[PDB]
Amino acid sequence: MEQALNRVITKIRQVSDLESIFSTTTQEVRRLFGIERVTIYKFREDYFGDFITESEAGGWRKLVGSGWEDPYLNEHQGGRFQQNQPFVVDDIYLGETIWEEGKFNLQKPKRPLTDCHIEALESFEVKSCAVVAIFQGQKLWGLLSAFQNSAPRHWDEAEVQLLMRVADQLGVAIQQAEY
């Protein structure tokens, strides 16, 4: 995915302001994956959070402006994202792909999601999600999410790695904007 990644990084750096960087990033990732939504979501201080930027295809509701107050992320102060672990779900009704030592554990069955988590995803029209941390330095800033809304979609580990590198670029841009 390095060629795809290099293309994404090129587009990101061809604009100046952070808002253009966010919009270009969500657009380029959505096009690359051929999916229906990519979002940038910013954590509040309590690890609730709000949708900041999105790219959508297929006539879905706009999520920007809206919040997601996830009680699990609040109680665990960001959950697995503090360790920069991704959350990878082909099908929200079947569960997550286990990620260990920076790759899929193909020996483990998928782990079903808790029903209120599933219901929250349904409220955002999501049927499949690959979610990775955006770090500003070593500070967990938010999440970059790739979504499919109309159907499940299989995520492979090269796509998850790409998403994490794109989130790295976002984090560097956020860090440099805060500088």
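Numbering starts at 1 and follows the sequence shown.
The question of which stretch, 16-24 or 156-164, has the higher mean Cα B factor is settled in favour of 16-24. In this entry, 101-109 shows the higher mean Cα temperature factor of the pair 84-92 and 101-109.
Residue set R30, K42, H117, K139: peak C-alpha B-factor at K139 (per PDB entry). Take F147, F48, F51, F124 and read off each C-alpha B-factor from the entry; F124 has the highest. The entry lists a Cα temperature factor for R37 that places it in the lowest third of the chain's modelled residues.
Among the modelled residues of its chain, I134 has a C-alpha B-factor that falls in the lowest third according to the deposited record.
The entry lists a Cα temperature factor for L143 that places it in the lowest third of the chain's modelled residues.
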